[PDB]
Amino acid sequence: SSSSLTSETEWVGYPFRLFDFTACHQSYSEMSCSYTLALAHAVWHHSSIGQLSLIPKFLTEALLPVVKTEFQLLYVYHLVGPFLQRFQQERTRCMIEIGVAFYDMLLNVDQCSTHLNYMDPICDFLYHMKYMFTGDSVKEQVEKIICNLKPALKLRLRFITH
Amino acid sequence: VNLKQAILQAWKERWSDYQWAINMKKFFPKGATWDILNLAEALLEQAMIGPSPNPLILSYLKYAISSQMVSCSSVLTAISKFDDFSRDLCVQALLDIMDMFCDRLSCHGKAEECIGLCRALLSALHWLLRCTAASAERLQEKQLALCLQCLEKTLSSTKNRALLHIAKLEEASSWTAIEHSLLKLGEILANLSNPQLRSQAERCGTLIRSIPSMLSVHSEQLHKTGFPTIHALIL
Amino acid sequence: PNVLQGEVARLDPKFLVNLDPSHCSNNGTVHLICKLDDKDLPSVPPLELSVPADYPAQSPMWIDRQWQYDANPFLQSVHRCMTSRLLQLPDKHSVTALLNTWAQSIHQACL
């Protein structure tokens, strides 16, 4: 998350092709950050029994003051996205913690940013994450959090108030 | 010549402006020609009255433009040296009439008159440039803003920009004259008159300078993706 | 559609219809430009795009209403009474009925 990745970001900027693995089908797009994402995917997958209970404290203690830009939030999303269903299987508690952690990272990047360009898929990502995983449980926690956002993100996520 | 006498007679009796069309179609064969016709009327009454509102003849001209090629009216208001008269009232009233042209459309000609409407629009833009140059004096308001407003309305994107592009390819001397006039107008566009003034004039200048280059220049971006085409062609 | 041809044949020499850039091969089959050339004052031609010529419907299109009618005071009064009169025709017919109604309204609101 901090190799440089932020200031020297690159003309590489385009996230969605970079983060996801199997981009190393060609000899190209073999960025060393994608390797770690794929390895973390594999580890969290085969270890998806009890070692996943360390991810909420990990996020809400370590990942907060190490994120300023938006593709860092996108990397965190590509890390802790697919395993949300594995969590919802039985570990229904940490769901709200991961959700409020995502909301806090969203606020942290919105408060420090010039333009939010790659946020359009993020809106519907969060939409479906609330729609098919949580429901109305994170509502009391996110009502006072979503309001501190930008007018664009506010107009987008307006429908969350229901 | 009979049209002048007909117009004087129509002035001697204040018509209801709908019987005027009937009387004009009756006095003339109504089918002989319409390009040997009213295209010379508009100037007489208004430009001649000069310092005067000149009522209901602008209304007769309006009901004329209701059924008339815009090319003739435009080349009329262009060939006329109204800015030489400089009553600051006749041109001010004529701008409101000219507003009706670019607002709705510049109708077809159904013939080779396409070049005619093209020349008409080009000369109309030149006359609007002369309007701005003559009205930007403000040595001591209304005209300096209204002329710019009518110019912006005439330079409506995607409709008349193609017409002006065709005009440039038709001949280049008029475009060079328009460029010289745009430079002369930018010379005064630096005069601090108001916040709104000297602000949209830059937009009009950018539009005029974009006219010749291209209307559909591929300026699109943000197509971030991988190109396998060159990757395979080099292989 | 031959049914429309019959009406264009039955038209008076005062009326004259034509075709614009036509989305009218066989289904719409019409959106004409009928100039009411007559003795009285002229006006702006309407479109009058009609349905299949079997006519379980009428024509009225009202395309150039926006700029043509609002611009003039007389043309504004032309539209006014003419709309109310067209809202009375029970199952009006494409060419003859609607065109005659338009001419009658144009020369009646003329007063």
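Looking at the entry header, you'll see cryo-EM listed as the method and 4.02 Å as the resolution.

Chain C is annotated in the PDB entry as Mediator of RNA polymerase II transcription subunit 15 from Mus musculus.

Labelled according to the PDB entry, chain A appears under the name Mediator of RNA polymerase II transcription subunit 23, originating from Mus musculus.

Draft legend 1. View of the overall build of chain A. When its secondary structure is counted, chain A shows nine helices and zero strands. Listed N to C, the secondary structure of chain A is α-α-α-α-α-α-α-α-α in terms of helices and strands. Over its C-alpha trace chain A gives a radius of gyration of 16 Å, about what one expects of a compact globule, namely 15 Å for 162 residues. If one aligns the C-alpha atoms of chain A with their principal axes, the spans along those axes are about 45 × 40 × 25 Å. The long-range share in chain A, meaning contacts at least 24 apart out of those at least 6 apart in sequence, stands at 72%.

Draft legend 2. Up close: the overall build of chain C. Scanning chain C for helices and strands turns up four helices and zero strands. If you list the helices and strands of chain C from N to C, you get α-α-α-α. Rg of the C-alpha trace for chain C: 14 Å, near the compact-globule value of 13 Å for 111 residues, within the 12% margin. Along the longest, intermediate and shortest principal axes, the C-alpha atoms of chain C span 40 × 25 × 25 Å. Once local pairs closer than 6 in sequence are excluded, the contacts in chain C between residues at least 24 apart make up 43%.

Draft legend 3. Structural context of the interface of chain B and chain C. Each partner contributes to the interface: chain B provides seven residues, whereas chain C provides 13 residues. For the side of chain B that touches chain C, the secondary-structure elements that each account for two or more residues are α2 (19-27) and α4 (57-65) of chain B. Each residue belonging to the side of chain B that touches chain C can be placed in one class, and the counts come to four nonpolar, one polar and two charged.

Draft legend 4. Just the packing of aromatic side chains, in detail. For the ring pair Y77 of chain A and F102 of chain A, a centre distance of 4.3 Å and an interplane angle of 45° mean the geometry is tilted. Of this pair, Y77 of chain A sits in helix α4 (residues 70-80) while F102 of chain A sits in helix α6 (residues 94-111), placing them 25 residues apart in sequence. Ring centres of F82 of chain B and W127 of chain B lie 6.2 Å apart, and the angle between their planes is 80°; this geometry places the pair in the edge-to-face category. One end of the pair, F82 of chain B, is in helix α6 (residues 82-85); the other, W127 of chain B, is in helix α8 (residues 114-135), with 45 residues separating them in the sequence. An aromatic cluster is defined as three or more aromatic residues linked by ring pairs; in this entry it consists of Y14, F16 and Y118 of chain A.

Draft legend 5. Structural detail: the packing of α4 of chain A against α6 of chain A. Residue and element names in this part refer to chain A. Following both chains from N to C, one finds α4 and α6 inclined at 165°, their axes separated by 9 Å at the closest point. By the angle between their axes, α4 is roughly antiparallel relative to α6. In this structure, the crossing between α4 and α6 has a hand that is left-handed. Contacts between α4 and α6 involve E70, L73, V76, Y77 and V80 from the first element and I98, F102, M105, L106 and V109 from the second. For the contact of α4 with α6, a count of residues per class yields nine nonpolar, no polar and one charged.

Draft legend 6. View of the arrangement of the chains. Inter-chain contacts occur across two pairs of chains; the most extensive set of contacts lies between chains B and C. For the non-touching pair chain A and chain C, the nearest C-alpha separation works out to 34 Å.

About the cut-offs
A chain's residues are numbered here from 1, following its sequence as written, a convention that may not match the entry; residues for which no coordinates exist are omitted. To read the labels, note that chains go from A and ligands from 1, taken in the order they are written. Part of a larger assembly is what these chains represent; accordingly, every value refers to the shown part. Note that water and hydrogens are dropped before the side-chain values are worked out from all heavy atoms of the structure. Residues with missing side-chain atoms are left out of burial classes, side-chain pairs and their counts. For helices the rule is a DSSP run of H or I covering at least 4 residues; for strands it is a run of E covering at least 2, with both sets numbered from the N terminus onward. Two things to know: the radius of gyration comes from C-alpha atoms, and the globule rule equals 2.2 Å times the number of residues to the power 0.38. Contacts are assigned to residue pairs with any non-hydrogen atoms lying within 4.5 Å of each other. Here the nonpolar group is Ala, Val, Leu, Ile, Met, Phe, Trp, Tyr, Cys and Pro; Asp, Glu, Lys and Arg are the charged ones; every other residue, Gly included, is treated as polar. Side-chain rings of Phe, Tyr and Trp (the six-membered ring for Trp) are treated as a pair once their centres are within 6.5 Å; stacked means planes under 30 degrees apart, edge-to-face means over 60, and tilted covers the remaining angles. Helix axes use the C-alpha atoms of the stretch in contact, all axes being lines fitted to C-alpha atoms, and the angles between their N-to-C directions lie in the range 0 to 180 degrees. Should an angle fall under 35 degrees it is called roughly parallel, over 145 degrees roughly antiparallel, and 65 to 115 degrees roughly perpendicular, with every other angle called oblique. Take the far helix as the reference: if the near one is turned anticlockwise from it by less than a right angle, the crossing is left-handed, and if turned clockwise, right-handed.

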